[PDB]
file run_12.txt (compact mmCIF, N, CA and C atoms and all ligand atoms)
# COMPACT_ATOMS: atom_id res chain seq x y z
N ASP P 389 0.83 -1.20 0.00
CA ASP P 389 0.00 0.00 0.00
C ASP P 389 0.86 1.26 0.00
N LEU P 390 2.03 1.19 -0.65
CA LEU P 390 3.03 2.24 -0.64
C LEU P 390 3.52 2.46 -2.06
N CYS P 391 4.02 3.67 -2.33
CA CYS P 391 4.63 4.01 -3.61
C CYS P 391 6.08 4.39 -3.35
N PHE P 392 7.01 3.68 -3.99
CA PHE P 392 8.44 3.82 -3.76
C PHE P 392 9.12 4.78 -4.74
N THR P 393 10.16 5.45 -4.25
CA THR P 393 10.93 6.43 -5.01
C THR P 393 12.38 5.98 -5.13
N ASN P 394 13.01 6.31 -6.26
CA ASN P 394 14.42 6.03 -6.52
C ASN P 394 14.79 4.57 -6.26
N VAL P 395 14.20 3.68 -7.04
CA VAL P 395 14.36 2.25 -6.83
C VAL P 395 15.56 1.75 -7.62
N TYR P 396 16.46 1.05 -6.94
CA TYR P 396 17.63 0.43 -7.56
C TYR P 396 17.73 -1.02 -7.12
N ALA P 397 18.23 -1.87 -8.01
CA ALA P 397 18.38 -3.30 -7.74
C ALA P 397 19.81 -3.74 -8.01
N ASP P 398 20.49 -4.23 -6.98
CA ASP P 398 21.87 -4.69 -7.07
C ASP P 398 21.89 -6.21 -7.01
N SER P 399 22.76 -6.84 -7.79
CA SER P 399 22.72 -8.29 -7.92
C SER P 399 24.12 -8.87 -7.94
N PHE P 400 24.29 -10.01 -7.27
CA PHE P 400 25.56 -10.74 -7.36
C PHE P 400 25.38 -12.16 -6.83
N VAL P 401 26.48 -12.89 -6.76
CA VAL P 401 26.51 -14.28 -6.31
C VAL P 401 27.62 -14.45 -5.28
N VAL P 402 27.27 -14.97 -4.11
CA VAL P 402 28.24 -15.25 -3.05
C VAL P 402 28.12 -16.72 -2.66
N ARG P 403 28.96 -17.15 -1.73
CA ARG P 403 28.81 -18.49 -1.17
C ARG P 403 27.82 -18.44 -0.01
N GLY P 404 27.36 -19.61 0.41
CA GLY P 404 26.31 -19.67 1.41
C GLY P 404 26.69 -19.04 2.74
N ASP P 405 27.94 -19.23 3.17
CA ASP P 405 28.38 -18.71 4.46
C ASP P 405 28.37 -17.19 4.52
N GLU P 406 28.68 -16.52 3.41
CA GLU P 406 28.85 -15.08 3.41
C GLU P 406 27.56 -14.32 3.13
N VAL P 407 26.42 -15.00 3.07
CA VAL P 407 25.15 -14.28 2.91
C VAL P 407 24.89 -13.40 4.12
N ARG P 408 25.26 -13.88 5.31
CA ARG P 408 25.00 -13.13 6.54
C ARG P 408 25.74 -11.81 6.60
N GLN P 409 26.73 -11.60 5.74
CA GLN P 409 27.49 -10.36 5.74
C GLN P 409 26.82 -9.24 4.97
N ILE P 410 25.73 -9.52 4.25
CA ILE P 410 25.02 -8.48 3.50
C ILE P 410 23.99 -7.91 4.46
N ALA P 411 24.45 -6.98 5.29
CA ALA P 411 23.62 -6.33 6.29
C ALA P 411 24.36 -5.10 6.80
N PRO P 412 23.65 -4.09 7.31
CA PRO P 412 24.34 -2.89 7.79
C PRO P 412 25.12 -3.18 9.07
N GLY P 413 26.37 -2.73 9.09
CA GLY P 413 27.19 -2.84 10.29
C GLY P 413 27.91 -4.15 10.47
N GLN P 414 28.46 -4.72 9.40
CA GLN P 414 29.09 -6.03 9.44
C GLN P 414 30.57 -5.92 9.10
N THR P 415 31.29 -7.02 9.32
CA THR P 415 32.70 -7.10 8.97
C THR P 415 32.97 -8.47 8.37
N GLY P 416 34.06 -8.56 7.61
CA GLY P 416 34.38 -9.75 6.86
C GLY P 416 34.98 -9.38 5.53
N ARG P 417 35.35 -10.36 4.71
CA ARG P 417 35.98 -10.03 3.44
C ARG P 417 34.99 -9.41 2.45
N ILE P 418 33.73 -9.85 2.47
CA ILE P 418 32.75 -9.32 1.53
C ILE P 418 32.32 -7.92 1.94
N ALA P 419 32.07 -7.71 3.23
CA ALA P 419 31.69 -6.37 3.67
C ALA P 419 32.85 -5.39 3.56
N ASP P 420 34.08 -5.86 3.75
CA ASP P 420 35.23 -4.96 3.73
C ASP P 420 35.66 -4.60 2.32
N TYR P 421 35.94 -5.60 1.48
CA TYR P 421 36.59 -5.33 0.20
C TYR P 421 35.68 -5.48 -1.01
N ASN P 422 34.44 -5.92 -0.85
CA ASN P 422 33.60 -6.17 -2.01
C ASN P 422 32.32 -5.34 -2.04
N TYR P 423 31.52 -5.35 -0.97
CA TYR P 423 30.20 -4.73 -1.01
C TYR P 423 29.83 -4.24 0.38
N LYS P 424 29.49 -2.96 0.49
CA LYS P 424 29.24 -2.30 1.77
C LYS P 424 27.89 -1.61 1.74
N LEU P 425 27.22 -1.57 2.89
CA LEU P 425 25.88 -1.00 3.00
C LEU P 425 25.84 0.12 4.03
N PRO P 426 25.07 1.17 3.79
CA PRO P 426 25.05 2.31 4.71
C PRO P 426 24.43 1.95 6.05
N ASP P 427 24.76 2.77 7.05
CA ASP P 427 24.15 2.60 8.37
C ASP P 427 22.65 2.90 8.33
N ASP P 428 22.26 3.95 7.61
CA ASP P 428 20.84 4.29 7.45
C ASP P 428 20.39 3.80 6.08
N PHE P 429 20.14 2.49 6.00
CA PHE P 429 19.77 1.84 4.75
C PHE P 429 18.28 1.51 4.80
N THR P 430 17.53 1.99 3.82
CA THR P 430 16.12 1.68 3.65
C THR P 430 15.97 0.81 2.42
N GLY P 431 15.41 -0.38 2.58
CA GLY P 431 15.32 -1.29 1.45
C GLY P 431 15.12 -2.71 1.93
N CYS P 432 15.45 -3.65 1.05
CA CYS P 432 15.25 -5.06 1.35
C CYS P 432 16.35 -5.89 0.73
N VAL P 433 16.67 -7.02 1.37
CA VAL P 433 17.70 -7.94 0.91
C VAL P 433 17.06 -9.31 0.71
N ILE P 434 17.23 -9.87 -0.49
CA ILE P 434 16.67 -11.16 -0.87
C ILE P 434 17.82 -12.06 -1.30
N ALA P 435 17.78 -13.33 -0.89
CA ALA P 435 18.79 -14.27 -1.33
C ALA P 435 18.19 -15.66 -1.46
N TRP P 436 18.64 -16.41 -2.47
CA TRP P 436 18.14 -17.77 -2.68
C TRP P 436 19.25 -18.66 -3.22
N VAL H 341 44.62 -21.72 17.64
CA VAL H 341 43.28 -21.77 18.20
C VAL H 341 42.34 -22.34 17.15
N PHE H 342 42.22 -21.64 16.02
CA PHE H 342 41.34 -22.07 14.94
C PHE H 342 41.86 -23.31 14.22
N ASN H 343 43.17 -23.40 13.99
CA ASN H 343 43.74 -24.48 13.20
C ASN H 343 44.12 -25.70 14.02
N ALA H 344 43.83 -25.71 15.32
CA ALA H 344 44.22 -26.81 16.20
C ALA H 344 43.65 -28.13 15.69
N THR H 345 44.49 -29.17 15.67
CA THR H 345 44.08 -30.46 15.12
C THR H 345 42.94 -31.08 15.91
N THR H 346 43.02 -31.04 17.24
CA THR H 346 42.04 -31.67 18.11
C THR H 346 41.33 -30.62 18.95
N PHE H 347 40.01 -30.69 19.01
CA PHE H 347 39.21 -29.81 19.84
C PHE H 347 38.66 -30.60 21.03
N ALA H 348 38.29 -29.87 22.07
CA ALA H 348 37.78 -30.47 23.29
C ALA H 348 36.33 -30.91 23.12
N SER H 349 35.86 -31.71 24.07
CA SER H 349 34.45 -32.03 24.17
C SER H 349 33.72 -30.92 24.91
N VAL H 350 32.41 -30.83 24.69
CA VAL H 350 31.68 -29.69 25.22
C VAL H 350 31.59 -29.76 26.74
N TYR H 351 31.64 -30.96 27.32
CA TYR H 351 31.56 -31.06 28.77
C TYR H 351 32.87 -30.65 29.45
N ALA H 352 34.01 -30.74 28.76
CA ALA H 352 35.30 -30.26 29.29
C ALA H 352 36.00 -29.36 28.27
N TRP H 353 35.65 -28.07 28.27
CA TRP H 353 36.18 -27.07 27.34
C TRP H 353 37.58 -26.60 27.74
N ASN H 354 38.33 -26.07 26.76
CA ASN H 354 39.74 -25.75 26.97
C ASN H 354 39.99 -24.57 27.90
N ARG H 355 39.35 -23.41 27.66
CA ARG H 355 39.61 -22.17 28.42
C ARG H 355 41.06 -21.65 28.31
N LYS H 356 41.54 -21.42 27.09
CA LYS H 356 42.87 -20.87 26.85
C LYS H 356 42.94 -19.37 27.19
N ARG H 357 44.17 -18.88 27.38
CA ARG H 357 44.46 -17.50 27.77
C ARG H 357 45.34 -16.84 26.72
N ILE H 358 45.12 -15.54 26.47
CA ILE H 358 45.83 -14.79 25.43
C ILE H 358 46.28 -13.45 25.98
N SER H 359 47.48 -13.01 25.58
CA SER H 359 47.99 -11.70 25.97
C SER H 359 49.20 -11.33 25.11
N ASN H 360 49.51 -10.03 25.09
CA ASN H 360 50.69 -9.48 24.41
C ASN H 360 50.67 -9.74 22.90
N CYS H 361 49.59 -9.31 22.25
CA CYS H 361 49.47 -9.55 20.81
C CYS H 361 48.62 -8.44 20.19
N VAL H 362 48.55 -8.44 18.85
CA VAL H 362 47.91 -7.32 18.15
C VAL H 362 46.50 -7.59 17.61
N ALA H 363 46.05 -8.83 17.56
CA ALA H 363 44.66 -9.15 17.21
C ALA H 363 44.25 -8.67 15.81
N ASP H 364 45.13 -8.81 14.82
CA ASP H 364 44.77 -8.49 13.45
C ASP H 364 44.10 -9.71 12.83
N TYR H 365 42.79 -9.64 12.59
CA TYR H 365 42.04 -10.83 12.20
C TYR H 365 41.87 -11.00 10.70
N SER H 366 42.21 -10.00 9.89
CA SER H 366 42.08 -10.18 8.45
C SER H 366 42.98 -11.29 7.93
N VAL H 367 44.00 -11.68 8.70
CA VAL H 367 44.86 -12.79 8.33
C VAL H 367 44.10 -14.11 8.25
N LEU H 368 42.85 -14.14 8.72
CA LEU H 368 42.03 -15.33 8.61
C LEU H 368 41.25 -15.40 7.31
N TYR H 369 41.04 -14.26 6.63
CA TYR H 369 40.15 -14.21 5.48
C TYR H 369 40.46 -15.31 4.47
N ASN H 370 41.74 -15.51 4.15
CA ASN H 370 42.09 -16.47 3.12
C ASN H 370 41.85 -17.91 3.57
N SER H 371 42.08 -18.20 4.86
CA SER H 371 42.16 -19.59 5.30
C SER H 371 40.83 -20.20 5.73
N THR H 372 39.99 -19.47 6.44
CA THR H 372 38.81 -20.06 7.06
C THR H 372 37.55 -19.27 6.75
N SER H 373 36.41 -19.96 6.82
CA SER H 373 35.10 -19.38 6.57
C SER H 373 34.19 -19.69 7.74
N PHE H 374 33.58 -18.66 8.31
CA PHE H 374 32.75 -18.80 9.50
C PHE H 374 31.28 -18.71 9.12
N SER H 375 30.49 -19.69 9.56
CA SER H 375 29.05 -19.64 9.37
C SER H 375 28.33 -18.88 10.47
N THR H 376 28.95 -18.73 11.64
CA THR H 376 28.37 -17.94 12.72
C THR H 376 29.43 -17.01 13.28
N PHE H 377 29.08 -15.73 13.44
CA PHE H 377 29.95 -14.79 14.14
C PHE H 377 29.10 -13.66 14.69
N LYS H 378 28.95 -13.60 16.01
CA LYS H 378 28.14 -12.56 16.61
C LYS H 378 28.81 -12.01 17.86
N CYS H 379 28.71 -10.69 18.06
CA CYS H 379 29.40 -10.01 19.14
C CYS H 379 28.39 -9.32 20.06
N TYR H 380 28.72 -9.30 21.35
CA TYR H 380 27.88 -8.74 22.40
C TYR H 380 28.69 -7.70 23.16
N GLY H 381 28.10 -6.52 23.35
CA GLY H 381 28.74 -5.44 24.08
C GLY H 381 29.57 -4.50 23.24
N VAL H 382 29.70 -4.74 21.94
CA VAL H 382 30.62 -4.00 21.09
C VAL H 382 30.16 -4.19 19.65
N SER H 383 30.44 -3.20 18.80
CA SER H 383 30.07 -3.32 17.40
C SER H 383 31.22 -3.92 16.59
N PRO H 384 30.92 -4.77 15.60
CA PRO H 384 32.00 -5.44 14.86
C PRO H 384 32.82 -4.52 13.98
N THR H 385 32.42 -3.27 13.78
CA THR H 385 33.21 -2.35 12.99
C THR H 385 34.23 -1.57 13.82
N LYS H 386 34.15 -1.61 15.15
CA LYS H 386 35.10 -0.94 16.01
C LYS H 386 36.22 -1.86 16.48
N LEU H 387 36.18 -3.13 16.10
CA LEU H 387 37.13 -4.10 16.64
C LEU H 387 38.56 -3.80 16.25
N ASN H 388 38.79 -2.93 15.27
CA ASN H 388 40.14 -2.59 14.83
C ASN H 388 40.65 -1.27 15.40
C1 LIG O 501 44.04 -18.32 -0.47
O1 LIG O 501 43.72 -19.67 -0.09
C2 LIG O 501 43.93 -20.63 -1.15
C3 LIG O 501 43.48 -21.97 -0.61
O2 LIG O 501 44.50 -22.95 -0.75
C4 LIG O 501 45.38 -20.63 -1.59
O3 LIG O 501 45.55 -21.53 -2.68
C5 LIG O 501 45.78 -19.22 -2.02
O4 LIG O 501 47.16 -19.20 -2.36
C6 LIG O 501 45.51 -18.24 -0.89
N1 LIG O 501 45.86 -16.89 -1.30
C7 LIG O 501 47.11 -16.42 -1.25
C8 LIG O 501 47.30 -15.01 -1.71
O5 LIG O 501 48.05 -17.10 -0.85
call {"tool": "encode", "arguments": {"input": "run_12.txt", "output": "structure tokens"}}
result
Amino acid sequence: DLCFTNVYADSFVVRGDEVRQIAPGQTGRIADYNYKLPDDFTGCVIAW
Amino acid sequence: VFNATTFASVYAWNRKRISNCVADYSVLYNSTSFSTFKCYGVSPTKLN
């Protein structure tokens, strides 16, 4: 029941263990050197 | 610690002691992959 503004979709492939690192405020090789998320992040994370 | 050949049983845990070191953990990135890592009392981005 909402209308969204400035919608972007980012996509990649990781291993199963490192899925938990795609979240605000994390550390690890993926969060450090590959992909980082803001502290004030509004959005959603999907993985399968 | 991590690479030790034999680990203890849960009823008799090791309880090792550490001191006089620098705690640089990125040296683990290449060798090991953790499925669980959670911290209490501190944020994982301040650990360095
Ligand atoms: C990372 O780990 C793999 C696993 O054996 C190893 O072959 C590779 O040499 C390591 N990376 C470096 C830079 O040594």
call {"tool": "residues_around", "arguments": {"input": "run_12.txt", "residues": "residue 399 of chain P", "least_positions_apart": "5", "cutoff": "12 Å", "atoms": "only C-alpha atoms", "output": "list in words"}}
result
residues 410, 423, 433, 434, 435 and 436 of chain P
call {"tool": "residues_near_ligand", "arguments": {"input": "run_12.txt", "ligand": "ligand LIG 501 (chain O)", "cutoff": "9 Å", "atoms": "only C-alpha atoms and all ligand atoms", "output": "PyMOL selection string"}}
result
chain H and resi 369-372
call {"tool": "atom_distance", "arguments": {"input": "run_12.txt", "atom1": "atom CA of residue 375 of chain H", "atom2": "atom CA of residue 360 of chain H"}}
result
28.2 Å
call {"tool": "atom_distance", "arguments": {"input": "run_12.txt", "atom1": "atom N of residue 392 of chain P", "atom2": "atom N of residue 430 of chain P"}}
result
13.2 Å
call {"tool": "interface_residues", "arguments": {"input": "run_12.txt", "of": "chain P", "to": "chain H", "cutoff": "6 Å", "atoms": "only N, CA and C atoms", "output": "PDB file with N, CA and C atoms, keeping the file's coordinate frame"}}
result
ATOM      1  N   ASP P 405      27.940 -19.230   3.170  1.00  0.00           N
ATOM      2  CA  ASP P 405      28.380 -18.710   4.460  1.00  0.00           C
ATOM      3  C   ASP P 405      28.370 -17.190   4.520  1.00  0.00           C
ATOM      4  N   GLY P 413      26.370  -2.730   9.090  1.00  0.00           N
ATOM      5  CA  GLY P 413      27.190  -2.840  10.290  1.00  0.00           C
ATOM      6  C   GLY P 413      27.910  -4.150  10.470  1.00  0.00           C
ATOM      7  N   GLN P 414      28.460  -4.720   9.400  1.00  0.00           N
ATOM      8  CA  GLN P 414      29.090  -6.030   9.440  1.00  0.00           C
ATOM      9  C   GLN P 414      30.570  -5.920   9.100  1.00  0.00           C
ATOM     10  N   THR P 415      31.290  -7.020   9.320  1.00  0.00           N
ATOM     11  CA  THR P 415      32.700  -7.100   8.970  1.00  0.00           C
ATOM     12  C   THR P 415      32.970  -8.470   8.370  1.00  0.00           C
TER      13      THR P 415
END
call {"tool": "closest_residue", "arguments": {"input": "run_12.txt", "among": "P:417, P:390, P:412, P:407", "to": "residue 429 of chain P", "atoms": "only C-alpha atoms"}}
result
P:412
call {"tool": "atom_distance", "arguments": {"input": "run_12.txt", "atom1": "atom C of residue 411 of chain P", "atom2": "atom N of residue 343 of chain H"}}
result
27.2 Å
call {"tool": "axis_aligned_box", "arguments": {"input": "run_12.txt", "around": "segment 403-411 of chain P", "padding_each_side": "8 Å", "output": "JSON"}}
result
{"center_x": 26.3, "center_y": -12.4, "center_z": 2.5, "size_x": 21.3, "size_y": 30.6, "size_z": 24.5}
call {"tool": "select_by_dssp", "arguments": {"input": "run_12.txt", "residues": "chain P", "states": "alpha helix (DSSP H)", "output": "JSON, numbers by chain"}}
result
{"P": [417, 418, 419, 420, 421]}
call {"tool": "write_last_selection", "arguments": {"input": "run_12.txt", "atoms": "N, CA and C atoms", "output": "mmCIF file, in the frame of the given file"}}
result
data_model
loop_
_atom_site.group_PDB
_atom_site.id
_atom_site.type_symbol
_atom_site.label_atom_id
_atom_site.label_comp_id
_atom_site.auth_asym_id
_atom_site.auth_seq_id
_atom_site.Cartn_x
_atom_site.Cartn_y
_atom_site.Cartn_z
ATOM 1 N N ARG P 417 35.350 -10.360 4.710
ATOM 2 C CA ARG P 417 35.980 -10.030 3.440
ATOM 3 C C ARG P 417 34.990 -9.410 2.450
ATOM 4 N N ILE P 418 33.730 -9.850 2.470
ATOM 5 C CA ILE P 418 32.750 -9.320 1.530
ATOM 6 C C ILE P 418 32.320 -7.920 1.940
ATOM 7 N N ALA P 419 32.070 -7.710 3.230
ATOM 8 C CA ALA P 419 31.690 -6.370 3.670
ATOM 9 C C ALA P 419 32.850 -5.390 3.560
ATOM 10 N N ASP P 420 34.080 -5.860 3.750
ATOM 11 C CA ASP P 420 35.230 -4.960 3.730
ATOM 12 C C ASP P 420 35.660 -4.600 2.320
ATOM 13 N N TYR P 421 35.940 -5.600 1.480
ATOM 14 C CA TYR P 421 36.590 -5.330 0.200
ATOM 15 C C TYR P 421 35.680 -5.480 -1.010
#
call {"tool": "build_atoms", "arguments": {"input": "run_12.txt", "residues": "segment 401-425 of chain P", "atoms": "N, CA, C and O atoms", "output": "PDB file, in the coordinates of the input"}}
result
ATOM      1  N   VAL P 401      26.480 -12.890  -6.760  1.00  0.00           N
ATOM      2  CA  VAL P 401      26.510 -14.280  -6.310  1.00  0.00           C
ATOM      3  C   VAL P 401      27.620 -14.450  -5.280  1.00  0.00           C
ATOM      4  O   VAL P 401      28.769 -14.100  -5.552  1.00  0.00           O
ATOM      5  N   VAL P 402      27.270 -14.970  -4.110  1.00  0.00           N
ATOM      6  CA  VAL P 402      28.240 -15.250  -3.050  1.00  0.00           C
ATOM      7  C   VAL P 402      28.120 -16.720  -2.660  1.00  0.00           C
ATOM      8  O   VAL P 402      27.338 -17.467  -3.231  1.00  0.00           O
ATOM      9  N   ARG P 403      28.960 -17.150  -1.730  1.00  0.00           N
ATOM     10  CA  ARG P 403      28.810 -18.490  -1.170  1.00  0.00           C
ATOM     11  C   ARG P 403      27.820 -18.440  -0.010  1.00  0.00           C
ATOM     12  O   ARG P 403      27.466 -17.372   0.486  1.00  0.00           O
ATOM     13  N   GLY P 404      27.360 -19.610   0.410  1.00  0.00           N
ATOM     14  CA  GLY P 404      26.310 -19.670   1.410  1.00  0.00           C
ATOM     15  C   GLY P 404      26.690 -19.040   2.740  1.00  0.00           C
ATOM     16  O   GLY P 404      25.867 -18.399   3.393  1.00  0.00           O
ATOM     17  N   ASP P 405      27.940 -19.230   3.170  1.00  0.00           N
ATOM     18  CA  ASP P 405      28.380 -18.710   4.460  1.00  0.00           C
ATOM     19  C   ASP P 405      28.370 -17.190   4.520  1.00  0.00           C
ATOM     20  O   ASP P 405      28.090 -16.615   5.576  1.00  0.00           O
ATOM     21  N   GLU P 406      28.680 -16.520   3.410  1.00  0.00           N
ATOM     22  CA  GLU P 406      28.850 -15.080   3.410  1.00  0.00           C
ATOM     23  C   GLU P 406      27.560 -14.320   3.130  1.00  0.00           C
ATOM     24  O   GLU P 406      27.614 -13.099   2.966  1.00  0.00           O
ATOM     25  N   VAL P 407      26.420 -15.000   3.070  1.00  0.00           N
ATOM     26  CA  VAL P 407      25.150 -14.280   2.910  1.00  0.00           C
ATOM     27  C   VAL P 407      24.890 -13.400   4.120  1.00  0.00           C
ATOM     28  O   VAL P 407      24.354 -12.296   3.998  1.00  0.00           O
ATOM     29  N   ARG P 408      25.260 -13.880   5.310  1.00  0.00           N
ATOM     30  CA  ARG P 408      25.000 -13.130   6.540  1.00  0.00           C
ATOM     31  C   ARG P 408      25.740 -11.810   6.600  1.00  0.00           C
ATOM     32  O   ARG P 408      25.405 -10.966   7.436  1.00  0.00           O
ATOM     33  N   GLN P 409      26.730 -11.600   5.740  1.00  0.00           N
ATOM     34  CA  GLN P 409      27.490 -10.360   5.740  1.00  0.00           C
ATOM     35  C   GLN P 409      26.820  -9.240   4.970  1.00  0.00           C
ATOM     36  O   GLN P 409      27.291  -8.103   5.019  1.00  0.00           O
ATOM     37  N   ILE P 410      25.730  -9.520   4.250  1.00  0.00           N
ATOM     38  CA  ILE P 410      25.020  -8.480   3.500  1.00  0.00           C
ATOM     39  C   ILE P 410      23.990  -7.910   4.460  1.00  0.00           C
ATOM     40  O   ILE P 410      22.814  -8.272   4.473  1.00  0.00           O
ATOM     41  N   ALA P 411      24.450  -6.980   5.290  1.00  0.00           N
ATOM     42  CA  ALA P 411      23.620  -6.330   6.290  1.00  0.00           C
ATOM     43  C   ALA P 411      24.360  -5.100   6.800  1.00  0.00           C
ATOM     44  O   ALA P 411      25.587  -5.050   6.717  1.00  0.00           O
ATOM     45  N   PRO P 412      23.650  -4.090   7.310  1.00  0.00           N
ATOM     46  CA  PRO P 412      24.340  -2.890   7.790  1.00  0.00           C
ATOM     47  C   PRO P 412      25.120  -3.180   9.070  1.00  0.00           C
ATOM     48  O   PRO P 412      24.608  -3.781  10.007  1.00  0.00           O
ATOM     49  N   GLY P 413      26.370  -2.730   9.090  1.00  0.00           N
ATOM     50  CA  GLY P 413      27.190  -2.840  10.290  1.00  0.00           C
ATOM     51  C   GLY P 413      27.910  -4.150  10.470  1.00  0.00           C
ATOM     52  O   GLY P 413      28.000  -4.652  11.595  1.00  0.00           O
ATOM     53  N   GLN P 414      28.460  -4.720   9.400  1.00  0.00           N
ATOM     54  CA  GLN P 414      29.090  -6.030   9.440  1.00  0.00           C
ATOM     55  C   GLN P 414      30.570  -5.920   9.100  1.00  0.00           C
ATOM     56  O   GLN P 414      31.049  -4.881   8.652  1.00  0.00           O
ATOM     57  N   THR P 415      31.290  -7.020   9.320  1.00  0.00           N
ATOM     58  CA  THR P 415      32.700  -7.100   8.970  1.00  0.00           C
ATOM     59  C   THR P 415      32.970  -8.470   8.370  1.00  0.00           C
ATOM     60  O   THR P 415      32.222  -9.429   8.569  1.00  0.00           O
ATOM     61  N   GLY P 416      34.060  -8.560   7.610  1.00  0.00           N
ATOM     62  CA  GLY P 416      34.380  -9.750   6.860  1.00  0.00           C
ATOM     63  C   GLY P 416      34.980  -9.380   5.530  1.00  0.00           C
ATOM     64  O   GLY P 416      35.115  -8.196   5.234  1.00  0.00           O
ATOM     65  N   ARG P 417      35.350 -10.360   4.710  1.00  0.00           N
ATOM     66  CA  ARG P 417      35.980 -10.030   3.440  1.00  0.00           C
ATOM     67  C   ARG P 417      34.990  -9.410   2.450  1.00  0.00           C
ATOM     68  O   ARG P 417      35.356  -8.494   1.713  1.00  0.00           O
ATOM     69  N   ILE P 418      33.730  -9.850   2.470  1.00  0.00           N
ATOM     70  CA  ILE P 418      32.750  -9.320   1.530  1.00  0.00           C
ATOM     71  C   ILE P 418      32.320  -7.920   1.940  1.00  0.00           C
ATOM     72  O   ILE P 418      32.208  -7.031   1.097  1.00  0.00           O
ATOM     73  N   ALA P 419      32.070  -7.710   3.230  1.00  0.00           N
ATOM     74  CA  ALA P 419      31.690  -6.370   3.670  1.00  0.00           C
ATOM     75  C   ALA P 419      32.850  -5.390   3.560  1.00  0.00           C
ATOM     76  O   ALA P 419      32.630  -4.210   3.287  1.00  0.00           O
ATOM     77  N   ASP P 420      34.080  -5.860   3.750  1.00  0.00           N
ATOM     78  CA  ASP P 420      35.230  -4.960   3.730  1.00  0.00           C
ATOM     79  C   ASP P 420      35.660  -4.600   2.320  1.00  0.00           C
ATOM     80  O   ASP P 420      35.763  -3.421   1.979  1.00  0.00           O
ATOM     81  N   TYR P 421      35.940  -5.600   1.480  1.00  0.00           N
ATOM     82  CA  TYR P 421      36.590  -5.330   0.200  1.00  0.00           C
ATOM     83  C   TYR P 421      35.680  -5.480  -1.010  1.00  0.00           C
ATOM     84  O   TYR P 421      36.127  -5.197  -2.124  1.00  0.00           O
ATOM     85  N   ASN P 422      34.440  -5.920  -0.850  1.00  0.00           N
ATOM     86  CA  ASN P 422      33.600  -6.170  -2.010  1.00  0.00           C
ATOM     87  C   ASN P 422      32.320  -5.340  -2.040  1.00  0.00           C
ATOM     88  O   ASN P 422      32.054  -4.672  -3.040  1.00  0.00           O
ATOM     89  N   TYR P 423      31.520  -5.350  -0.970  1.00  0.00           N
ATOM     90  CA  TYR P 423      30.200  -4.730  -1.010  1.00  0.00           C
ATOM     91  C   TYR P 423      29.830  -4.240   0.380  1.00  0.00           C
ATOM     92  O   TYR P 423      29.821  -5.023   1.330  1.00  0.00           O
ATOM     93  N   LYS P 424      29.490  -2.960   0.490  1.00  0.00           N
ATOM     94  CA  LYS P 424      29.240  -2.300   1.770  1.00  0.00           C
ATOM     95  C   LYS P 424      27.890  -1.610   1.740  1.00  0.00           C
ATOM     96  O   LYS P 424      27.457  -1.117   0.699  1.00  0.00           O
ATOM     97  N   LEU P 425      27.220  -1.570   2.890  1.00  0.00           N
ATOM     98  CA  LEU P 425      25.880  -1.000   3.000  1.00  0.00           C
ATOM     99  C   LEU P 425      25.840   0.120   4.030  1.00  0.00           C
ATOM    100  O   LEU P 425      26.511   0.030   5.069  1.00  0.00           O
TER     101      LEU P 425
END
